[PDB]
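First the structure, in the form of structure tokens, and then the observations on it.
6 protein chains.
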Amino acid sequence: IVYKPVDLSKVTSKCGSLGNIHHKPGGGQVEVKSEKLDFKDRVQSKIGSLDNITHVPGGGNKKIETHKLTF
Amino acid sequence: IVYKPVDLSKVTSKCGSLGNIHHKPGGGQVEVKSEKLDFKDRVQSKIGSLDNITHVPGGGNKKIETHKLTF
Amino acid sequence: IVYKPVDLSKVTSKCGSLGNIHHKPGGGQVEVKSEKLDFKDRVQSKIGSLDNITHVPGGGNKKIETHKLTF
Amino acid sequence: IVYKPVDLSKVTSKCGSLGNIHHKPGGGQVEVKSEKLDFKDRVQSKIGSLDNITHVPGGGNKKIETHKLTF
Amino acid sequence: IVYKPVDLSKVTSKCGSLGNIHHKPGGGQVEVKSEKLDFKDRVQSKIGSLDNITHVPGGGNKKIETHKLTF
Amino acid sequence: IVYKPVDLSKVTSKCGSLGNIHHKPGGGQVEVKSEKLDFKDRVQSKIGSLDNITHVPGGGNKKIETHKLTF
Numbered sequence: 308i309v310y311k312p313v314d315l316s317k318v319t320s321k322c323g324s325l326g327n328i329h330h331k332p333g334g335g336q337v338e339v340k341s342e343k344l345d346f347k348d349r350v351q352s353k354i355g356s357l358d359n360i361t362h363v364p365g366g367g368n369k370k371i372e373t374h375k376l377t378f
Numbered sequence: 308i309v310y311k312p313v314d315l316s317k318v319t320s321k322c323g324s325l326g327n328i329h330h331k332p333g334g335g336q337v338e339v340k341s342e343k344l345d346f347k348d349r350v351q352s353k354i355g356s357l358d359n360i361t362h363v364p365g366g367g368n369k370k371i372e373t374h375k376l377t378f
Numbered sequence: 308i309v310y311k312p313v314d315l316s317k318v319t320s321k322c323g324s325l326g327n328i329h330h331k332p333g334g335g336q337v338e339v340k341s342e343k344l345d346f347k348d349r350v351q352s353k354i355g356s357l358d359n360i361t362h363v364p365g366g367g368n369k370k371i372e373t374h375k376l377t378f
Numbered sequence: 308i309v310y311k312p313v314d315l316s317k318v319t320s321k322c323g324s325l326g327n328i329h330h331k332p333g334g335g336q337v338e339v340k341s342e343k344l345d346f347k348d349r350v351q352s353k354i355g356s357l358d359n360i361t362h363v364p365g366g367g368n369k370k371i372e373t374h375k376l377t378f
Numbered sequence: 308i309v310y311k312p313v314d315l316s317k318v319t320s321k322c323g324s325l326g327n328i329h330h331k332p333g334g335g336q337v338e339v340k341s342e343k344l345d346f347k348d349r350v351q352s353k354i355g356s357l358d359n360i361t362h363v364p365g366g367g368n369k370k371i372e373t374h375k376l377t378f
Numbered sequence: 308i309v310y311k312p313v314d315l316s317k318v319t320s321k322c323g324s325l326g327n328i329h330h331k332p333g334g335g336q337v338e339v340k341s342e343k344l345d346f347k348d349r350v351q352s353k354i355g356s357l358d359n360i361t362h363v364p365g366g367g368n369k370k371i372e373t374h375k376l377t378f
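Residue numbers (the entry's author numbering), protein chains in the order written: chain A, 308 to 378; chain D, 308 to 378; chain C, 308 to 378; chain E, 308 to 378; chain B, 308 to 378; chain F, 308 to 378.
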């Protein structure tokens, strides 16, 4: 019995913002005016002009390989 | 018995914003005026001019390989 | 019995902001004016012009290999 | 004056014996019998059953790029 | 004056015997019998069963790039 | 004057015998019998069963880049 398997495989993930050229994203002027407001419960507030985000919870990679030989 | 399998496979994922050239997204002027507002429950608020986002929760990669030989 | 398996495979993940050229993200002018506001519960507030973020909770990599030989 | 040319071109040459599968060329039995031969000038002789050859004297690749800007 | 040229090009040559699978070239039996032969000048002789050759005198690669800016 | 040229290009050559799988070249039986042969000048002789050769006199790579800025 002669057993000589070869793996040369590439198992790859490329995830997010990549290989990009000359990106010039512009946020404009943002004005928020708030007067005499009442909040009676929990508040979360975001005021921005530009968000650039790559999240990538994924992109995950998994290899299982399994050799059994028996006599 | 002679066993010599060969694997040269490429398992690949390319997910999100990639290989882009000259992107010039421009968010305009944003004005928010709020007066005398009453909120009796939880509030979440987002104000912004431009959002550039790549999420990629997926883009995952899985390889299962098995080689059982019996005599 | 002759057993000589060979693994030369590459398991890779490339996650986030990478290989980018000339990115010039520009946050605009941000103005927030607040008068006479009342909050009766927990508040969280984020004010900013530009956010550049790569989170990558993922991008994980797992390799299981096994070689059982029995006589 | 704004000058921002971008080149993403692929200049490629693929020359010879490539991407072939299961080639089994078989040269036959060759018998050469020579008796009482006379040679009065230079001799070059090749005897063989099978030749597999890729010459590729060419397959060359040339890229000339120029960017002159004047004021 | 703003000058920001970008080159991301690929200049490539792939020359010879490549990416081939399961090639089983077989030279046959070769017999050369020579008797009483007379040679009066330079001789070169090659006897063989199988020749597998990739020569590649070419496959060359040249890139000329120039960036002249004058004021 | 603002000058920021970027080169990320790849200049590559892949020449010879490469990326091949399961090549099993087989030279056959070679027999050479010579009797009473006369040579009156220079002789060169090659006898063999199998020749496997990659020469690659070429496969060369040349890059000229120039950045002249004058005022």
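Ideal Cβ positions, reconstructed from N, Cα and C, are used throughout, including at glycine.
Cβ pair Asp358 (chain C), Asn327 (chain A) closer than 9 angstroms: Residue numbering aside, residue 358 (chain C) sits at position 51 when the third sequence is read from its first letter. Residue numbering aside, residue 327 (chain A) sits at position 20 when the first sequence is read from its first letter. Not closer than 9 angstroms, so no.
Determine whether the Cβ of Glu372 (chain C) lies closer than 9 angstroms to any Cβ atom of chain I. Although the question refers to chain I, the structure presented lacks it and instead comprises the protein chains A, D, C, E, B and F.
Any idea what DSSP makes of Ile308 (chain B), helix, strand or coil? Locating residue 308 (chain B) in the fifth sequence gives position 1, where the first residue counts as 1. In the three-state reduction of the DSSP assignment, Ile308 (chain B) falls in the coil class, being assigned neither a helical nor a strand state.
Could you spell out where the beta strand (DSSP E) holding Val350 (chain B) opens and where it closes? Against the fifth sequence, residue 350 (chain B) aligns to sequence position 43. From DSSP, the beta strand (DSSP E) with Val350 (chain B) extends over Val350 to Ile354.
If distances are taken between C-alpha atoms only, which option among D:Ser356, D:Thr373, D:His362 and D:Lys343 comes closest to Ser324 (chain C)? Locating residue 324 (chain C) in the third sequence gives position 17, where the first residue counts as 1. Per the Cα distances, D:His362.
Exposed or buried, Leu376 (chain A), counting other C-beta atoms within 10 Å across all chains shown (16 or more means buried)? Along the first sequence, one-based indexing puts residue 376 (chain A) at 69. Taking all protein chains in view, the Cβ of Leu376 (chain A) is crowded by 16 or more other Cβ atoms within 10 Å, so the residue is classified as buried.
Nearest-angstrom Cα separation, counted from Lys369 (chain B) out to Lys369 (chain E): On the fourth sequence, position 62 is the one that residue 369 (chain E) refers to. On the fifth sequence, position 62 is the one that residue 369 (chain B) refers to. For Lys369 (chain E) and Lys369 (chain B), the distance between alpha carbons rounds to 5 angstroms.
Assuming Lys311 (chain A) contacts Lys311 (chain C) under a Cβ cut-off of 8 angstroms, what Cβ separation, rounded to an integer in Å, is found between them? Translated into the one-based positions of the first sequence, residue 311 (chain A) becomes position 4. Translated into the one-based positions of the third sequence, residue 311 (chain C) becomes position 4. About 5 angstroms; that satisfies the 8 angstroms criterion.
Test item: CB-CB of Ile354 (chain D) and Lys353 (chain A) under 9 angstroms: For the purposes of this step, residue 354 (chain D) is taken as the residue at position 47 of the second sequence. For the purposes of this step, residue 353 (chain A) is taken as the residue at position 46 of the first sequence. Going by C-beta atoms, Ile354 (chain D) is nearer than 9 angstroms to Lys353 (chain A).
Residue environment, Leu315 (chain C), which counts as buried when at least 16 other CB atoms sit within 10 Å: Taking the third sequence and counting its residues from 1, the one referred to as residue 315 (chain C) is at position 8. Exposed, because fewer than 16 other Cβ atoms sit within 10 Å of the Cβ of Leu315 (chain C).
Count the other CB atoms within 10 Å of the CB of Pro332 (chain E); is the residue buried (16 or more) or exposed (fewer)? Here residue 332 (chain E) corresponds to residue number 25 of the fourth sequence, with the count starting at 1. That one is exposed.
Counting C-beta neighbours from all protein chains within 10 Å, is the total for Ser356 (chain D) 16 or more, i.e. buried, or is it exposed? Counting from one through the second sequence, the residue named residue 356 (chain D) turns up at place 49. The residue is buried, with at least 16 neighbouring Cβ atoms inside 10 Å.
Go ahead and pull the three-state DSSP assignment for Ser320 (chain F). Taking the sixth sequence and counting its residues from 1, the one referred to as residue 320 (chain F) is at position 13. Here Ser320 (chain F) carries a strand assignment [DSSP, helix/strand/coil].
Please report the straight-line C-alpha distance between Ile308 (chain E) and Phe378 (chain E), rounded to a whole angstrom. If you number the fourth sequence from 1, residue 308 (chain E) lands on position 1. If you number the fourth sequence from 1, residue 378 (chain E) lands on position 71. When the Cα atoms are used, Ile308 (chain E) and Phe378 (chain E) turn out to be separated by approximately 10 angstroms.
State yes or no: is the C-beta of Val313 (chain B) within less than 9 angstroms of the C-beta of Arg349 (chain E)? To locate residue 313 (chain B), count along the fifth sequence from 1; it is residue 6. To locate residue 349 (chain E), count along the fourth sequence from 1; it is residue 42. No, the pair does not count as a contact, with Cβ atoms beyond the cut-off.
Pull the bridge partners of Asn359 (chain A) from the DSSP assignment, please. Taking the first residue of the first sequence as 1, we reach residue 359 (chain A) at position 52. D:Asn359 and C:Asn359.
First through last residue of the beta strand (DSSP E) which encompasses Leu376 (chain A): The sequence position of residue 376 (chain A) within the first sequence is 69, counting from 1. First-last of the beta strand (DSSP E) with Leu376 (chain A): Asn368 to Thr377.
Verify whether the separation of the beta carbon atoms of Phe346 (chain D) and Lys347 (chain A) is less than 9 angstroms. Residue numbering aside, residue 346 (chain D) sits at position 39 when the second sequence is read from its first letter. Residue numbering aside, residue 347 (chain A) sits at position 40 when the first sequence is read from its first letter. Taking 9 angstroms as the Cβ cut-off, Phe346 (chain D) and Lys347 (chain A) qualify as a contacting pair.
Apart from the five residues on each side of it in sequence, which residues of its chain come closer than 7 angstroms, Cβ to Cβ, to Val318 (chain B)? Here residue 318 (chain B) is taken as the residue at index 11 of the fifth sequence, counted from 1. In the same chain as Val318 (chain B), and ignoring 5 residues on each side of it, the C-beta atoms closer than 7 angstroms to its own belong to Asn368 and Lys370, in chain order.
Near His374 (chain E), what residues of its chain come up, given a Cβ to Cβ distance below 8 angstroms and the 5 sequence neighbours on each side ignored? Numbered from 1 along the fourth sequence, position 67 holds the residue referred to as residue 374 (chain E). Leaving aside the five residues that flank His374 (chain E) on each side, the residues in its chain whose CB is nearer than 8 angstroms to its CB run, in chain order, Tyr310 and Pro312.
So, for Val339 (chain C): in the same chain, excluding its five sequence neighbours on each side, which residues have a beta-carbon less than 8 angstroms away from its beta-carbon? Looking up residue 339 (chain C) in the third sequence gives position 32. By the criterion of a C-beta distance shorter than 8 angstroms, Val339 (chain C) is surrounded in its chain by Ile354, once the five residues flanking it on both sides are discounted.
Three-state secondary structure (DSSP) at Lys331 (chain D)? The count along the second sequence starts at 1 and reaches residue 331 (chain D) at position 24. Looking at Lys331 (chain D) - three-state DSSP - the assignment turns out to be coil, as it is neither helix nor strand.
Between the C-alpha atoms of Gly335 (chain E) and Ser341 (chain F), what's the straight-line distance to the nearest angstrom? Against the fourth sequence, residue 335 (chain E) aligns to sequence position 28. Against the sixth sequence, residue 341 (chain F) aligns to sequence position 34. So the alpha carbons of these two residues sit roughly 22 angstroms apart.
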